[PDB]
Structure formats: structure tokens, C-alpha cells
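What follows is one structure encoded as C-alpha cells, with my remarks underneath.
Ideal geometry is used to build each Cβ from the backbone, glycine not excepted, and the neighbour counts take in all protein chains shown. Nothing in this text is a laboratory measurement; each read-out follows from the coordinates by a stated rule.
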DNA sequence: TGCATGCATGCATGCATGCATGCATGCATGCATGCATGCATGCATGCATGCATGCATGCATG
DNA sequence: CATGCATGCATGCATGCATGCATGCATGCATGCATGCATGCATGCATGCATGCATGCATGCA
Ligand SMILES: Nc1ncnc2c1ncn2[C@@H]1O[C@H](COP(=O)(O)OP(=O)(O)O)[C@@H](O)[C@H]1O
Ligand SMILES: Nc1ncnc2c1ncn2[C@@H]1O[C@H](COP(=O)(O)OP(=O)(O)O)[C@@H](O)[C@H]1O
């Protein structure tokens, strides 16, 4: 029987749980969906866990005492509130855990300065996920069959990790020969099991000082929380700092620590991981539906992406289209056909070449800036594991591996050696990377979009000598890149005037609306080619072979594959489902300025 | 959570508990009365335990398996049936124990031959209650107040006696300084307690062999079963023979035994204890009410009590009246006035003197046959205790002490020495016994009825010499006894004829109906004297003083006190509430034949 | 481990109301028990006799004139052991202490308790001098002295005793209340 | 000569006196066990020597 | 007098060796704790002594 203390934490929180009805409809939708989830699985043929997000908002405006008690000694208020919450689950119609979401300036400190203070409290820690261990299940409930009596039995096992209170440990040996001497034949399947995982978290390098030895702690996960993180991200972790173990006083330092009762939140980096958690309201999409009913919004989106840069109209138009990415149609039992678009630009220095690059990085999603050399692990993983648990070989995902469904920013492309350029033919064309070293030959997938930037060989001689061999690049790399933009050094006065007041007003519709409009178009706007799309480009591509060869070079059928992608990405902008001839009229003009 | 075995014993017995509705109305009357018992105690001003008798009948005609399992291993079927019974108590509206009444020829053996066989079974044992120990309460639940926090707490303690299953013993030290350092101030009253008792049972002396050393075992009682027996009775005990304790295998014989889970049934002896458990139906009392509406039933009851004895009509009439006992009216702040009647008879031998005595014993209730000497403890207790628990003096209730509200049968009264005759004046007149030895002077109560039998001094000379000093008894003993019957040795032929065919038909309305009619009249038939009772006996008692003294002697006012008792007991026979003159007309004739 | 139980019995407001009944009683010149306590302070008597009837008379009195009184007859009737010292420490709050100059032949017990009264205060007078002499309203300045000095306990110097007294049925005949404490019960009736 | 009365004598019912018996308890002796030390083992990690790449030079070219 | 080719030299990185550094297995050594026994204290049972009482016998009386 519980005491008076235990029920009072219940009834006070039950008073709060009756205070706000927003969480009532939450658990209602949990139960109805999982009922309907089992309803469709068991009627025609003849997943979700139990936790609800509670903010750290309302407890301050309800009970400042119950506010305070959690933030110091959480080991008294967490069990009865859950017991009261499992009461609500049983009354309105299994752990039924919680979140404790909420921002607080109390204990959001660095893990670097965490030790020996604020022990047995609840601390919010962020940092780097590294050296993720293996996923193991845990034994809980054993099932045994006795032969002659013909009945089953019952036996449980517990550990100190889950319970959060120091209870008297009672170990029990795994049973054999129980009562009279019948053999306890073991069974499985009905014996229950729950997965288990432990990981280490390094602190933030951007928060770190200049150079010192980093120090870290460990986090053990729970059943529905196993394996949400790959090693190498930025994740906020909210849990309770608990120290277990007999600290060396049995028979030189004990009291090793850990953090349990946890919730895991991956957060966006500058250049790592997902940023697609941005919501869309009905108020949001109604603005998009009001926006997409126009006739000239491609121009407005073109002029939008030069917030501080004069000119370069047709360059910006393609930068919309690469983030559209084209359509992907993998053939039936054949191969995929590549859909993304890769562009290199060239021009004289101090002409907004480096004023373009981070704008491509920050506006887009899942981008990696690759600068200078890319030696030994950018396109590769290098398989260097000396794992102390067992002699084996695993991988550490390189940047080209990591930038899948994304953008790779290549800076100073001409300074790259020929070594990694072998891999670029493999990456840009077959969309796969196969690594075959003596441990394990492998094969993986990476379909990144690529923008690189190279200089001329000597001087600013961009137009003087000849258009051929201003770069002196290998021949297939011409065929790898789709459009090759040449930026001139035109000296004028009217053009200088447009430079003049632009920079002067600089030092004295929007971007966050834009990426909502971008990521919405990915999952519902892919179009399909129509009959009108053939008749123009058949006439047009013959002109591309018959007369462009009298001016420049080369013309491959791979160029016609890009002609499909340009009309494809243009239909994504208008969010049409068919493909119009006007999309080709846009796409035909894009080759003329890029080349002639 | 219980296993499949535990609920199956429940549901099978619940099937039996739903089978017979006789026990349903039993627990119903238990709950309604105790509700009404608390209702009258808590409405104007502004007891019963929980056990129900179940026979050993119906289990054989319902489940021979569940029959058998109880009779061998009771430690598996007793707990779930009670749990199912407490379910019935809670469903229709605390231990709620049972009885297990029932006769079985399986294990009704002597305790003399009980040891080392049939251990861990249920055995019915009868025998002698001796050396009853002291009543102690037992501590169960401790209550503690902490000063500064201002709250109470909770703590229980258990022992191996109650649970009937060998559970892992977990001793707990009596608490002090619990959590932080506040003083655990003790409290009482709300701390619960239950009484406790242990006794020893010697076997039956009538079942015992001629002479050998008796051997015995022990019985520990429970809460509602403390102190039902005085030491010195014959009691059936039904319980479970359990052996506890570590039998010497820790570090010359262990395994001392006892019997728990008990029900206690005192049974009638030949000359000890209560026999008033005889029921009365409505069919029974309707026969009594049909009987009492007559006019001559005193004659029929007079002639009834000589089943094998010829004659002695007026002698038998008084033997009805002594068992009536007269009325008792203790005065307001004065003394009691004695109501019972004591008779001595005398006559020549072989004249049904010894043919009367056991008939007085067996027909009556709570009689003690006292023969020959009565030295040192018949009228006394002698206070001989050398009790090993503490130096103290207690009592062992003697026969005159033990025969309270009963009859004392004195055989061969003349052979008694003058020593105990000192006590007879104390017993017969003041109805009390005071024992004053050097340990403790005492005072007790005994209001026994007395029949004695003495012989003549020499020969059969009952009429020859003189009516005075045929006995040569002390003078006050004439005044102690009420009627003095003289039986002659009349030699005839017509009288011999009535002797002749009587004994001849002997060797070739009822008694059990009689004692029902007797014990019913005790609690509701006492009468009250009326005006007509004065006028006859005032005229009559003057004749008793004026003319009987010219014939015999003595006449005291104590004789008039007996004249009240005779008219009193006669009204008990007719079950009237007033007193009629005819009762005195009977009572006046009784003195004439007794004396003249 | 070691849980807790709440019960309707209080110790707080019962101590408050028992102070008022110990002060406010006029019926049976001025206050009854303070004149008795002054007679205790007269150092000529050793016993303190408390009935239950004036309690019940007060408990009749408060309901008829004021809103509500906590029940106190049946409160004492249940546990009855904690009511010894928790009642008696409230007595030492109010006392006409110097009410007679001490006799030279009064009591050898009396001269010892007069010391422990005085030795308490002289030790109390020392510590309040040092603290004001080393500064950096005076209730906290008083409070610092309270916990920095070992003293004689007030349980150690009492000199008197207190016996309770059961209620007769006579006033219980007028108003029936918890009159269960006073019945001629037997040792056999002692369950 | 027969009978009632007083006197001498054995009996076993309570007080001193002797001894056997049962229960509580502090201490000296034996045995299970933690702890220091070094080992065979298993596996991660630094390092230096020779080859392909970058740049200077002599020769040829026009 | 102004470029292109063959020739020779300087130099940074891949890795299969030697060696230091974490878990189990084993063995010798010294500290501490449960416990049966010698001892002492408390208690109940049995015999000799003082004796009131019942009984047999000597005694005088009608
Ligand atoms: N058309 C333009 N409008 C505004 N600023 C410009 C323009 N062209 C160049 N800039 C200036 O040039 C700088 C960027 O130089 P950039 O050409 O990106 O570097 P690099 O040529 O070395 O890659 C920016 O600071 C920007 O102010
Ligand atoms: N009137 C009678 N009728 C029948 N039997 C009688 C009668 N009188 C005597 N007896 C016989 O007398 C015997 C009892 O003798 P009893 O006089 O009682 O013994 P005692 O005189 O020694 O006390 C019985 O067996 C009984 O048969």
C-alpha cells in the first residue's frame, strides 16, 4: 500500500492532468490509431510507442513547488506522475513514458564542466555523437516447460538501470530442476525481450576552446530509443545524471557515472544532418497555393537569390533547378537513370565567385563544403577500424558518402590532384562508390549534386587567346559537367554605375519563406513527359549537332539527357503535373547563354 | 500475480460455494447483525468474529479429489478457499476463517499413538485440558511519529506460526532514527494487537490403559479462540499437525511439533462440565406447550423416575423439585437468600439406596459423585502451585468449587470425619468458601445442591429403639438438611407380590424428552408469591410449632424458609407465573410424610 | 522502504486550543488553574489534577457560542500517552514565577532548581554580550544566541506532577459523549 | 452382672530440612575468505626506408 | 633569339615489423566471526517431627 506522500504527488499532478485538455486528445489519438493499426492488419489479411511530449512551460504557472522538486530531485516526482498517467490511459479506455521537453537556463551547461556538480539532477546536454556501439537485446522474462507435469512457469529478472531508485538487489540463478526433479526444458518466443544500447557523446567543437583534450561521458538508451543517431551528428540529450556502483569502499576511484531516463533530439548543424523538420501550416500552404497561381514567379525567384550581388541573371536560374534535382526513374531490372544536375563556373577573381558559395551552402539542405585537397576519405571511408571488441573491419562514412540526397561544395577545383579525380568519374556517373580493400570489398550509394569552381590557368585571359584550353582539364570532365559558365571582366561606366549605388546602399519573398516552398515540392511535384515535349527538342537537338560543332565542341547524347532534366526541373517550379512546351522554351534558351 | 493452480482451487470451490445456498444466508446474517450491532451503539448513544461452520459432508458428494487433497496436504487448499470466501464476503456486501466440522474415521486417533505418522496432515484429537497458560497479546503493527516532519509511518511484523507455508524469514529491527535523524517517537493505541495462548492436552483417562506414563502434545490458539477452556475438561480439538523448527542440523533431537489452524469443541463428560447444549425446536416446545396444559402431569413425572424401582412415591416428588432449584432473590445491599434444597435419606440396605444415586447423577446436569473421604481439596483448592514461570500462588478448583449451579452426590455420609464437616456448615448455609492460607486469603462462590446418604449406627434398628439418635450426628446438621426420609423394611406378601413380577419382567414420556423439559424451565419460569400464599402457611406453621414439638424436634424458622422453596419449585413444574394456593397444598403434604 | 500514513489526528491546532482552555476558564475569583498554578508557584503542592468534565463543559460552550471546536475528549481517550508531556510543556509558558520569596526551610529540592533556573539565565546573559560587541530586529540577534549554547533541558527542572481524572457519567447523562472510559470493567473483560 | 465415662495409644495431616533438576550466559577455539603479485595472453600503434612525382638543365628545333 | 623534349636529381607517403599496455587464471598469506561449553543461579519434590482425633481398655455405679 502506498503512503500519503505518493498519492499526493499523484492527485496534484492529476489536478494538472485534468487542468489542460490538450494532452487528453494526444493520448486519445495514440490509442485510436494503434487500434486502427491493428484493425487493418487483422481484417483484410484473413508500431508507435507510448510516450507523450510534456513541455516545461505550464509547471511554473501551476505549481512552483512541483517545478522546483523536479529540477533538483527528480527521483521522487517522475514515478508517481507516470503512474498517474498510466491511470489516465486505463481510465479513458506498459510504461507510458514522457519527454520533458522545454528550454531552461538552469542546467543547459557544457558536458566539459559537468562533473562533480549537480549530481542526481536532470541535465540537458548537447554535443557530438561518436563511436556508436552495437545493438543488443536484453533478457527479462524466462519461460520454462516441465515435461511430466506438463505446465509452464514464470520467472523475471531486473537490473538497477531501469528502476531509478536504489532497491535491495536480489539476484536469482537461472532455474534448473525446480521442485521434485522434472527437467526444466527451456522455451523461447513467449519469453520477452527488450533492446538496449550505450553510446558516448563528445562535446561541441564550435563551443570548444582552441586546443585541449576533449572529455566525454556516456548515455545508455531504452527500448523505443535504440538507434536514432549515426556517429557524427549534433544531438541534444535531455535526461537525469545518475551515479551508480559501489565507489571502491568494498574492500583507486569508483563512482563512474552515466545518464538515464533520456530523450534524444537531433539538431541541425551548419554542414551535417537533416534540416527538413520545418513545419507547414494550412496558412503556409494557402500562401503557396496563392503564389503558384501566377505566371512570372520564376523571374522573382531568380532575382531573389542575389541579395547583395549585381547581375548574373541566367546563372541564378539554374541554382533553382539544381535544388529541384530533376526526376528519377529507375528502370525495371536495368539501371537507374541519373536525374540531378552538376555545374562548374569559371571567371576572373573578385567577381562574386566566393560570394556565391556559402549562399549555396546555407540556403540548401545537407551540404558539405569541400576545400582544397580531398585526400583519403572524402570520396572514401578508408575502413580503418581497430575495434577492441573483436577483430573486424567497419567503415567511417566520408563526406561524399555523407552528402547523399544533397549538395557537395567543391572549392578551388583546379588544385585537386588526379588521384581523387578517378573517383569523380565513378561518383558523378554511376552514382555508386565501391571500395575493395583486402578486408572487405564493398559497394554503396551516393547520388550527390556537385558544384565546383576552377580558375583559369594563367592571368585573367578568359577571352583573349582561345576558348579552348583556358582550363586544361581532362576530356571526360568536360562531359561530366552540364553547364560551364564564363564570367567576364567587362569594364564600363553604366555597368560601374550599377556597381556603385549597389555597394553603397549595401552597408546601410524572403529566405525563410523560400525553403518552405522548396522542400514542399519534392514529395508531391514530380511531372511526366507529354507529346508536346518531343516535337521541339527533336528539331532542336539536330541543330545542336549540325551547327554547334561548326563553332564549339563537344556534342554527346549525354547532352540530350540534360535537356530532359531542364524541362523537368522547370515543371517542378510551376508545380504542374504534365510537361508543357514552354518548359522546353525555357530549357532551349538556357543552353544558348551557357555556351554561345 | 497468481498462477493457474491457485485460481483453479478458487473457481472449483467457488463452484461449490455457488452450489449450496445454505452458507450464503449464514454470512448474510453475520453481516446484518454486526451492522445492526454497530447501528444501535452509534445512534442512541449521542463482537462476533468472522468464521462459518462448514461440514465435512458435502465435499465427498461434490469432489472426491478435493476431498482427498485436504485430508492429506491441507497446506494447498485451505488458503485459496478462504481467499474465495473473502471474495464472497466482499461481493455480497479480515481473515474470515472456517471450522471444518465433520466426523471422519480416517484420523480420529489417540494422541498417545499420534507421533511420527501423519505429519503435515489434519488430525482430530480429543482429551483432557490441563495446565492452562497465561493470556498474552501479540505485537503486529508498530506506529511511529516523527517530530519535525510531523507525519506518521508504517511497519509490520510477522511470524511463522500464522502463515502455514514456509516462507523466507525476513526479520526487521524495531525502528529508530529512520531517514535523516528525526527521533521516531513511539505511539500506541492505533498500533494493532491480537491475543495469543498456548495449552497442553492430556489424553482421555477412560481411553487410557491401566497404568502407564501419559504423554501429551501442545496446541497454540488464535484471536477469537483464546480462553474457551478451563483446565480439567474434555474437549475435542480439530486442527493441522505441523512441525516447525530447524531439527538440529544447523551446527540431540530437534523437530518439536504442535498443532495450529484449530477449532475447539468442549464435550460432555460423565461428571464434568456443561451438558446444556441440547437444542429445542419449535416442534419440541409445541409438545411442551401441549404437555403443560394438563392437570396431573406432576404424577406422571413422579412415576416416571422409578424405571426399575418399586414404590417410594413421595421420595421421587422432591427429586423433581431439587432440579427445579427454587427461586433466588438477592437482597438490595444485604445478603442473598438461599434457594436450593438439600435432602438426606436413610434406610436399611438393599432397599434401592444405591439404586437411586447414579440415576440422580446421569439424568441431571453438572453432577460430581463424592465418595468416602473428601479430604484436602474437595471443599478446598489447597493452593499448591510451584509454578516455574514465577513464584506465585494459584488455585486448582476442587469438586465443591467445580459443582457450582449443580448437584453434589455424597456417598456413605456417616464415614466422613469431622474435619470436612466444618466446611459443610460453611458451604450449605453461606453458599461461599473462603480459603485463608499464608500465601493469599481468598473468597469464592459455590451454591451447590447436596444429597447425602448415611446408614443407621447398628443393625437395621430403624423403628425399634427410638427415632432419636439412630444416626448420632451433630445437632446443626439436622438443621442443615431439609427432608429426612426413612425407608422401612416392611415384610408382606402383597408387597412381596409387587416386588415379584417387577423384577421378573425387568430382565426381559421418556428420559431424553425429560431433560429438554427441565432445562427450558430454568430461564423463563421463575414465579412470584401472591396474597393467597400467605394465609394458609401462616395458619399451618403455627401448628408446626405448637403440636409437632409434642411429637418430634426441632422447629426453626429455617424450616419456614423451606416451605417457601417447596411452593416455589412446584410452580416451576406447572410453568405458572403467579403462585397458587394448590402449590401450598402440595407443599403442606410433603412435610407430613417426611416427618410423621 | 518505511512508508508513511496520514490520519485525522492533529498535533498543531490541538496544541493551540489546549493553550486557550488552560488559560480561559472562569466558571469554577479569577482563572481557576492559574490560581492553582500560582499555588504551584507558591511551592506548596506537587500534584496537578485534570478532569474531563470542564473540557466537555468547554466543548459544550464553544459550539454554542462560536463556530467550531476540535474534539478533545475522545482525542485524549484514544492514545493518552502523548498527551502527558505535550500538555505539560504548555503549562510552563505562563507562570507567576516570583510570587513568593523563597523560604530558608522550604525544600532542599527547591534550592537546586532555583540554581538551574538562574544558571540558565546567567549563561544566557553572557552570549548576548559577545555577539552585540562584534556586529557584522534583535529577534535574529536573539535567535543566534538560541542555538550556540548548550543548556539544561526544561524537562529536567519541573518539581511538580500531573495526574488525569476520568469523567463521571453524571455530566455524560446530560449530554451523551464518549463516556466509554468509565465503566466497571473486569480483568476478564480486558481484551 | 451390664453399662457409661475417663485414660492410654496408634494415625496420618501440616511445618522444617535435604537434595536433585532446569535455565541464563560470557569466553576461547577453529575455519571461511579477501587480498597482494606476477603471468600467459590478446590486440592497438609508432616508424623508417625506397619509389613515383615535380622541377631544373642540356640539347634540339624553327 | 624564342619553345619543346629527354635526362637527371630531390623528396613525401604506405605498411609490415618490434614493443608497450588491458582482462582472466593461479597461488601464497593474514584478519575476522559464528559458536559449544564451564559456571552460576533459581525452583520443585520428599521425609522426620508435633499432634488432634478416633479407638480400645480399665474403672465404678444401679
Ligand atoms: N556583381 C557584384 N556585385 C556585388 N559585389 C560583387 C560583385 N562582384 C564581386 N563582388 C565582390 O567580390 C567579392 C567576392 O570575390 P570572389 O569573386 O567571390 O572571390 P574569388 O574570385 O577569389 O573566388 C565580394 O566581397 C563582393 O563584394
Ligand atoms: N423397591 C425395589 N424395587 C426394585 N429393586 C429394588 C427395590 N429395593 C431394592 N432393590 C434392589 O436393591 C439393589 C440396590 O441396593 P441398595 O439398597 O441401593 O444398596 P445400599 O443399601 O447398600 O445403598 C438393586 O440391585 C435393586 O435391584
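For region B:213-329, the Cα-based Rg and Dmax, in that order, read 24.8, 82 Å. Relative to its residue count, region B:427-485 spans a Cα convex hull of 121 Å³ per residue.
A helix-only calculation puts chain C at -13500 deg cm²/dmol for mean residue ellipticity at 222 nm, using -39500 (n - 2.57) for each DSSP H run of at least four residues, averaged over all residues. At q = 0.15, 0.20, 0.28 Å⁻¹ the log10 of I(q)/I(0) for region A:258-320 amounts to -0.79, -1.03, -1.05, computed by Debye summation with a single uniform scatterer per C-alpha, solvent ignored. Here region B:329-382 yields Rg over Rh of 1.09, to two decimals, using C-alpha coordinates and the Kirkwood radius. Using a 7 Å projection from Cα along Cα-to-Cβ, the label point at residue A:231 is separated from the same position in the remaining copies by 8.4 nm, smallest value first.
Across all Cα atoms of region B:13-136, the radius of gyration (one decimal) and Dmax (whole number) stand at 18.4, 59 Å. The stretch between residue A:244 and residue A:145, if pulled fully straight at 0.36 nm per residue, gains 32.0 nm over its current Cα-Cα span.
Summarised in one figure, the compactness ratio Rg/Rh of region C:21-100, Cα atoms and Kirkwood Rh, is 0.99.
Comment: the Cα-to-Cβ extended label point of residue A:102, at 7 Å, lies 6.3 nm from its counterparts in the other copies, nearest first. Using the Cβ-Cβ distance between residue B:215 and residue B:270 with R0 = 30 Å, the FRET efficiency computed as 1/(1 + (r/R0)^6) comes to roughly 0.80. Ranked for footprinting exposure by Cβ neighbours inside 10 Å, fewest first, C:152, A:20 give A:20, C:152.
Answer rounded, prolate or oblate for region A:68-139, using the Cα gyration tensor with square roots of eigenvalues a ≥ b ≥ c: rounded when a/c is under 1.5, else prolate when a/b is larger than b/c, else oblate. Here region A:68-139 falls in the oblate category.
Spacing of the modelled spin labels on residue A:193 and residue C:88, each 7 Å from Cα toward Cβ, amounts to 7.0 nm. Just to confirm my numbers, what's the Cα centroid distance between region A:358-422 and region B:143-179 in Å? After rounding, the separation between the Cα centres reads 66 Å. Can you pull a Stokes-Einstein diffusion coefficient for region B:16-70 at 20 °C (1.002 mPa s), Rh from Kirkwood over Cα pairs, as a whole number of µm²/s? It comes out at roughly 155 µm²/s. Each residue, residue B:531 and residue B:167, gets one label point 7 Å from its Cα in the Cβ direction; the gap between the two is 7.5 nm. Chain A residue nearest by beta-carbon to the axis mapping A to B, with distance in Å: A:170, 6. Calculated [222 nm] ellipticity per residue, helices only, for chain A: -10000 deg cm²/dmol; basis is -39500 (n - 2.57) per DSSP H run with n ≥ 4, divided by all residues, nearest 500. With coordinates expressed along the principal axes, the C-alpha atoms belonging to region A:310-351 extend over 49, 17, 11 Å, beginning with the largest. How big is D, in µm² s⁻¹, for the protein assembly as shown by Stokes-Einstein at 20 °C and 1.002 mPa s if Rh is the Kirkwood radius over C-alpha pairs? In µm²/s, the coefficient rounds to 47. Each listed q (0.08 Å⁻¹) maps to a log10 I(q)/I(0) for chain B from the Debye sum over equal C-alpha point scatterers, namely -0.81.
Rg/Rh for region A:500-596 stands at 1.12; both radii use Cα atoms, and Rh follows the Kirkwood definition. Sorted shortest first, the distances from the residue B:186 label point to those of the same residue in the other copies are 5.2 nm; each point sits 7 Å from Cα along Cα-to-Cβ.
Using the Cβ-Cβ distance between residue C:42 and residue B:182 with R0 set to 35 Å, the FRET efficiency works out to roughly 0.35. The reciprocal of the average 1/r between distinct C-alpha atoms defines the Kirkwood hydrodynamic radius, which for region B:389-472 equals 15.5 Å. The percentage of C-alpha pairs in region A:378-524 whose separation is greater than 21 Å is 65%. Along its first, second and third principal axes, ordered by size, region A:126-172 spans 57, 27, 13 Å in Cα coordinates. With each label modelled as a point 7 angstrom along the Cα→C-beta vector, the residue B:331-residue C:111 pair spans 6.3 nm.
Starting from the Cα of residue B:33, step 7 Å toward the Cβ, then list every residue of region B:78-114 with an amide N under 13 Å from that point. Residues passing the 13 Å test: none.
Grouping the Cα pair distances of region B:136-256 into 10 Å bins from zero gives a pair-distance distribution of 9, 27, 27, 21, 11, 4, 2, 0 percent in increasing distance order.
Under 19 Å from a label point set 7 Å out along the Cα-to-Cβ vector of residue A:41, the amide N atoms of region A:203-244 belong to A:223-226.
Exposure proxy ranking for B:345, B:204, B:279, A:400, based on other Cβ atoms within 10 angstrom of each Cβ and starting from the fewest, stands as B:279, B:204, B:345, A:400.
With coordinates expressed along the principal axes, the C-alpha atoms belonging to region A:153-205 extend over 63, 28, 14 Å, beginning with the largest.
Once the convex hull of all Cα atoms in region B:557-596 is built, its volume per residue stands at 66 Å³.
Going from the fewest other Cβ atoms within 10 Å to the most, the residues A:532, A:332, A:493 appear in the order A:332, A:493, A:532. Shape verdict for region B:466-539, please, from the Cα gyration tensor: rounded (a/c under 1.5), prolate (a/b greater than b/c) or oblate. Taking the square roots of the gyration eigenvalues as a ≥ b ≥ c, region B:466-539 is oblate.
The separation of region B:461-540 from region A:538-596, counted between C-alpha centres, amounts to 147 Å. For region A:294-399, what class follows from the C-alpha gyration tensor (a ≥ b ≥ c being the square roots of its eigenvalues): rounded when a/c is under 1.5, otherwise prolate if a/b is larger than b/c, else oblate? Oblate is the answer for region A:294-399, as a/c is 1.5 or above yet b/c matches or exceeds a/b. Distances between every pair of Cα atoms in region C:100-150, grouped in 5 Å steps from 0 to the bin holding the largest one, split as 5, 16, 22, 17, 11, 10, 10, 7, 3, 1 percent. Bridges between two residues of chain A, per DSSP, are antiparallel at a rate of about 65%.
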